[PDB]
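As they're listed, the protein sequences go chains X, R, H, Z, F, P and Y.
Heads up, the first sequence is in UniProt numbering, so the first residue is 2 and it goes up one at a time.
Heads up, the second sequence is in UniProt numbering, so the first residue is 3 and it goes up one at a time.
Heads up, the third sequence is in UniProt numbering, so the first residue is 2 and it goes up one at a time.
Heads up, the fourth sequence is in UniProt numbering, so the first residue is 2 and it goes up one at a time.
Heads up, the fifth sequence is in UniProt numbering, so the first residue is 2 and it goes up one at a time.
Heads up, the sixth sequence is in UniProt numbering, so the first residue is 2 and it goes up one at a time.
Heads up, the seventh sequence is in UniProt numbering, so the first residue is 2 and it goes up one at a time.
Here a beta-carbon is modelled for each residue, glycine too, at the ideal position from N, C-alpha and C.
Notes follow the structure.
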Amino acid sequence: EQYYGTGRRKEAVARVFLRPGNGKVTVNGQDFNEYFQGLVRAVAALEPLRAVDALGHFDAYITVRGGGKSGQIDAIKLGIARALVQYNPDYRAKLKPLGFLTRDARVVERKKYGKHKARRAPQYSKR
Amino acid sequence: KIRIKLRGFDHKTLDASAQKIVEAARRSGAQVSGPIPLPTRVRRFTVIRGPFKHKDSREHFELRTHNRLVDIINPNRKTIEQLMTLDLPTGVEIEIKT
Amino acid sequence: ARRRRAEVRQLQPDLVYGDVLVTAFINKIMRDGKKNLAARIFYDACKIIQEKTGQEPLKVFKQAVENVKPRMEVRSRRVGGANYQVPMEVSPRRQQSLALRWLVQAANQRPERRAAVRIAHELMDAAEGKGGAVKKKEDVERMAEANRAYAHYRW
Amino acid sequence: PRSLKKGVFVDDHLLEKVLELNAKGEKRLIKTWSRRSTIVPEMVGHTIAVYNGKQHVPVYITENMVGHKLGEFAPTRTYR
Amino acid sequence: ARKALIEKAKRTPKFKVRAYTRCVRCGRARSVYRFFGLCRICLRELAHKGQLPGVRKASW
Amino acid sequence: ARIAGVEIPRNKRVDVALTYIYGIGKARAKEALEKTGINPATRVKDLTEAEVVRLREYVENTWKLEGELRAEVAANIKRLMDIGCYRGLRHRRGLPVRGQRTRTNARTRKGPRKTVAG
Amino acid sequence: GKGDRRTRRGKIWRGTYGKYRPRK
RNA sequence: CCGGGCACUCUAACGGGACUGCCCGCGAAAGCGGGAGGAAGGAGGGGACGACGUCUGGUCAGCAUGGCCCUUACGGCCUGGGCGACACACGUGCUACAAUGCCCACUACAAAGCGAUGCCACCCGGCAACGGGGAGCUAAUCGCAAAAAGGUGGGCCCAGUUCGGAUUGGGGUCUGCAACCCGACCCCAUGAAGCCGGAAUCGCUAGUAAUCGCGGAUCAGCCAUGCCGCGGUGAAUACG
Ligand SMILES: [Mg+2]
Ligand SMILES: [Mg+2]
Ligand SMILES: [Mg+2]
Ligand SMILES: [Mg+2]
Ligand SMILES: [Mg+2]
Ligand SMILES: [Mg+2]
Ligand SMILES: [Mg+2]
Ligand SMILES: [Mg+2]
Ligand SMILES: [Mg+2]
Ligand SMILES: [Mg+2]
Ligand SMILES: [Mg+2]
Ligand SMILES: [Mg+2]
Ligand SMILES: [Mg+2]
Ligand SMILES: [Mg+2]
Ligand SMILES: [Mg+2]
Ligand SMILES: [Mg+2]
Ligand SMILES: [Mg+2]
Ligand SMILES: [Mg+2]
Ligand SMILES: [Mg+2]
Ligand SMILES: [Mg+2]
Ligand SMILES: [Mg+2]
Ligand SMILES: [Mg+2]
Ligand SMILES: [Mg+2]
Ligand SMILES: [Mg+2]
Ligand SMILES: [Mg+2]
Ligand SMILES: [Mg+2]
Ligand SMILES: [Mg+2]
Ligand SMILES: [Mg+2]
Ligand SMILES: [Mg+2]
Ligand SMILES: [Mg+2]
Ligand SMILES: [Mg+2]
Ligand SMILES: [Mg+2]
Ligand SMILES: [Mg+2]
Ligand SMILES: [Mg+2]
Ligand SMILES: [Mg+2]
Ligand SMILES: [Mg+2]
Ligand SMILES: [Zn+2]
């Protein structure tokens, strides 16, 4: 009836509710392409479905909040891959070589005193 | 409507103060809402490490105020019975609104 | 890299062509971390190359990149006082970065007003054996085979 | 670009001093340490010694200079 | 600093704008945090000592 | 097309072309194009003379302009120069006026560098 | 750029408001 | 938004989780190479943490302090001025020289903090800074608030310009006893240099550099482009 996964990337979450249907995707009460589409990378979020040829099987209702839109796209990608395995756990063996079910642990590195932005060192003269 | 606002710099003091309050109100009142945790207000102070510069050596400290909510629903007496003065914790601080 | 071999970064396959060389070329177009703008340049430049020419932009992009790959180049090496320009082969990895960097640099030296126009026109001229990038390549292979007298300092 | 917006500020030190000098006719030089104050029409024709921080400098006050402050005419720095 | 310069405490300042912070412990003039009423140097000495409740070492 | 005292912008958008007048910036041209009811986007060459005369009418005597302005400004200097004003002193020696620092970076007001020995 | 105060971006760079950058 | 619920996001307290534990190969061992499983692997990423000592390093001007000097004065009060001087020189930065750009309208996605006479929704006046009125909030409930780059639409068409925002004239707002020296802010007009910088030299190895905004400490105000934090987008390259 319905399948779900959380998905997270770089201070951003996107609840993915997968439901069998025509193949139309809703995000925050808007079309998938009324939220994105001006952003080239947008189609990456749906790469889990293309790997298993699940395009036309499911609809998707998504709630994304937090971060910026590009991390929102990666967070969708994970939530879509997570729900996709809860549907069929045999989809792990196919989804895993691509790494769609891997969380991306890279987050903004904290600024450090004595530098300018956490690595960039103030420039000096010596003379 | 009985709001109980717990605040303190030590998170162990609040939980030691909140859990004691539910154990008194659960013997009398309805199913209490529970020790719901509110977000922390974190004041930071960055300070240059020595006197008389070495500007680029600062160490900073933080002081955190943790918050909790209680919300006993329909308490009448045997709730307020154990609730007059029985609490141990010192650094805790409690407010009540109706 | 003093300790290790400094493994190569593996880039994401392209969203459109599924090719990693595209993304790598897109990244050289990017400035100040605006990858969305840099992609729209390249892809709108693929419309230009595919309309003004009845060919497939993917194959022209590769055929252009190939003609800018240098087979040799010169480096310096300190020997007995002042150093020397020493000719030696180019790693297949370095032929990647040099050809790509040159194409982007050449195209922005171009007269054309808009960016995607310059990319497409450069790629076309480069794939035909002319244009600014192939000059930097034919001029480098001229350094070698000129300093060919120092082919014994190979290192 | 200069702004006091209303109640154009003048110190009470010389204000009561200058308006009383008018009832008795124009007086001679005047001691002033308050350059905070502006200039008002009823000063024109007098002379006022403003302070530099070091010295008292006589300032003939004229029609054209009503809008300004004392000390605009008593400069502080000494260069060349 | 100077004892006579701790006239801030007695302010009656004759103008509100002449009130300044004046770290209480060491009599510091310059850098006085307003929440502890202490200077940055006194603040650091009292923090390490443990006489400021709830003030830990910041780390993240 | 002559709008102010002799002033001929041409071939560009009218609003941007009025900027070529002395006492007119973007703010005043956008205002004249408004109160005279003229499309700002039209090329100067395409301007109706009936609109051109309406523009001249407004602009010429609404604000003081090219010749008078320069004179008024210049007379507004002499005035605070002929009085002993401090502001007028800084105008005499050719130094910044708004209370900037001169120990460095006076270059725009100070006639770029003239170096000495050390 | 960010230096022109009577441009919008030069207003947000100074954190101010006015004719060239209203509030609402 | 109400009814209602805690599943989810989240908030903030306790735990689980990774150990070269498992497979192959090498090895005497410690370990190294590779593979599966796993959110994560060989120190997963970032902090706090800096040994015996060195430089007679820095600070008696934060504080403490030995000794030496001053005591109608080196002390004390005040008003005013100075710490802002300018023929020059260096350091550190900001804003730029533009079309991968600028401007205008419309529209979308953050994290971290601050606020009781303070943050100030909202309404009226004002082109505006701001003023009047006034709601809410002892604040996951109200407010600062708008994130900006971004996206869609339009304008500019390679020009000292619709680039650039110095300088200067003029009008005004606010703080403050008081803006002359010497404040920030708004509006009009002015619209300089600068068309990617000689010798030389600086930073960074991955959410890094680059770029984009946001907040805070001190503070009535502010010369903060500084400092300390926050998140958005997000590279190149390392043979050796
Ligand atoms: Mg950043
Ligand atoms: Mg962090
Ligand atoms: Mg520094
Ligand atoms: Mg410092
Ligand atoms: Mg250190
Ligand atoms: Mg030598
Ligand atoms: Mg040599
Ligand atoms: Mg040489
Ligand atoms: Mg040589
Ligand atoms: Mg002392
Ligand atoms: Mg003060
Ligand atoms: Mg004391
Ligand atoms: Mg501009
Ligand atoms: Mg680690
Ligand atoms: Mg560690
Ligand atoms: Mg660790
Ligand atoms: Mg010494
Ligand atoms: Mg020492
Ligand atoms: Mg002490
Ligand atoms: Mg100084
Ligand atoms: Mg001199
Ligand atoms: Mg001299
Ligand atoms: Mg609002
Ligand atoms: Mg209005
Ligand atoms: Mg709440
Ligand atoms: Mg709420
Ligand atoms: Mg609450
Ligand atoms: Mg556009
Ligand atoms: Mg020039
Ligand atoms: Mg211009
Ligand atoms: Mg140009
Ligand atoms: Mg390193
Ligand atoms: Mg402030
Ligand atoms: Mg200044
Ligand atoms: Mg600031
Ligand atoms: Mg700021
Ligand atoms: Zn102190």
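Assignment of alpha helix (DSSP H) within the segment 49-107 of chain P, counting only whole runs of 4 or more residues, yields 50-61, 67-83 and 87-93 in chain order. Our two residues, H:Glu-57 and H:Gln-51, have alpha carbons roughly 6 Å apart in a direct line. In this structure Z:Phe-74 is buried. Its beta-carbon is surrounded by 16 or more other beta-carbon atoms within 10 angstroms. Near chain X, meaning a CB-to-CB distance below 9 Å, the residues of the segment 52-66 of chain R are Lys-57, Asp-58, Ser-59, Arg-60, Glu-61 and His-62.
Listed along chain R, the residues sitting closer than 9 Å to X:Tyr-114 by beta-carbon distance are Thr-48, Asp-58, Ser-59, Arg-60, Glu-61 and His-62.
Proximity of chain R to F:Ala-59 at the Cβ level (cut-off 7 Å) is accounted for by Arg-46, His-62, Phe-63 and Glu-64, in chain order.
With a threshold of 7 Å, the Cβ atom of P:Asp-16 does not count as near ligand 13, since no heavy atom of the ligand is closer than that.
With at least 16 other beta carbons inside 10 angstroms of its own, H:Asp-15 counts as buried. For X:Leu-19, the pairing in a beta bridge is given by DSSP as X:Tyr-4 and X:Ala-61. The three-state reading of DSSP puts H:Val-21 in helix, counting H, G and I together. DSSP places H:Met-73 in the uninterrupted beta strand (DSSP E) bounded by 73-78. Counting only runs of at least 4 residues, the segment 54-125 of chain X fully encloses the following alpha helix (DSSP H) elements, listed from N- to C-terminal order: 70-88 and 93-96. The residue among P:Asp-47, P:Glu-73, P:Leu-96 and P:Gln-101 with its C-alpha nearest the C-alpha of P:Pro-113 is P:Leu-96.
Contact holds between the segment 38-56 of chain X and the segment 72-90 of chain X, because three or more Cβ pairs, one in each stretch, are under 8 Å apart.
As for any alpha helix (DSSP H) of minimum length 4 sitting wholly inside the segment 88-121 of chain H, the runs are 93-109, ordered along the chain.
Using a CB distance below 8 Å, the part of the segment 76-101 of chain P facing chain Z consists of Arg-80, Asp-83, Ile-84, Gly-85, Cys-86, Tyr-87, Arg-88 and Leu-90, ordered along the chain. Using a Cβ-Cβ cut-off of 8 Å, F:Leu-47 does not count as an interface residue toward chain R, since no Cβ of chain R sits closer than that to its own. In this structure, ligand 13 has no non-hydrogen atom nearer than 7 Å to the beta-carbon of X:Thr-103.
Spanning the alpha carbons of H:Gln-86 and F:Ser-32 requires a straight line of approximately 59 Å. Residue burial annotation: F:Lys-58 is exposed, with fewer than 16 other C-beta atoms found within 10 angstroms of its C-beta. Remark: the C-beta of F:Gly-28 is in contact range of ligand 12, defined as less than 7 Å to any heavy atom. Within the segment 11-40 of chain H, the residues whose Cβ lies closer than 7 Å to any Cβ of chain X are, in chain order, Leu-16, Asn-37 and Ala-40. A Cβ of chain F is located within less than 8 Å of the beta carbon of R:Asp-12.
At the C-beta level, P:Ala-2 and P:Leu-48 come within 8 Å of one another.
Of the residues H:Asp-33, H:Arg-72, H:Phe-62 and H:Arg-32, the one whose Cα lies closest to the Cα of H:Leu-22 is H:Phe-62.
Residue pairing by DSSP places X:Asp-32 opposite X:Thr-27 in a beta bridge.
Taking 8 Å as the CB threshold, R:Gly-31 stays off the interface with chain F.
Contact of F:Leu-39 with chain R is not assigned, every C-beta pair being separated by 8 Å or more. Contact annotation: the segment 59-73 of chain R touches the segment 34-50 of chain R, with at least three C-beta pairs closer than 8 Å. Secondary structure note for R:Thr-81: it is in no beta strand (DSSP E), and the uninterrupted alpha helix (DSSP H) holding it is 80-83. Distances from the CA of H:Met-125 to each of H:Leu-38, H:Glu-67 and H:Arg-6 were compared; the closest alpha carbon is that of H:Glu-67. At a beta-carbon threshold of 9 Å, none of the residues of chain P lie near Z:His-14; the nearest stands roughly 21 Å away.
The beta carbon of X:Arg-66 sits closer than 7 Å to those of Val-14, all from its chain and outside the five residues before and after it, given in chain order. When DSSP states are grouped into helix, strand and coil, H:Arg-143 belongs to the helix group. Scanning chain P for C-beta atoms nearer than 9 Å to the C-beta of Z:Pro-76 yields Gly-85, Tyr-87 and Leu-90, reported in chain order.
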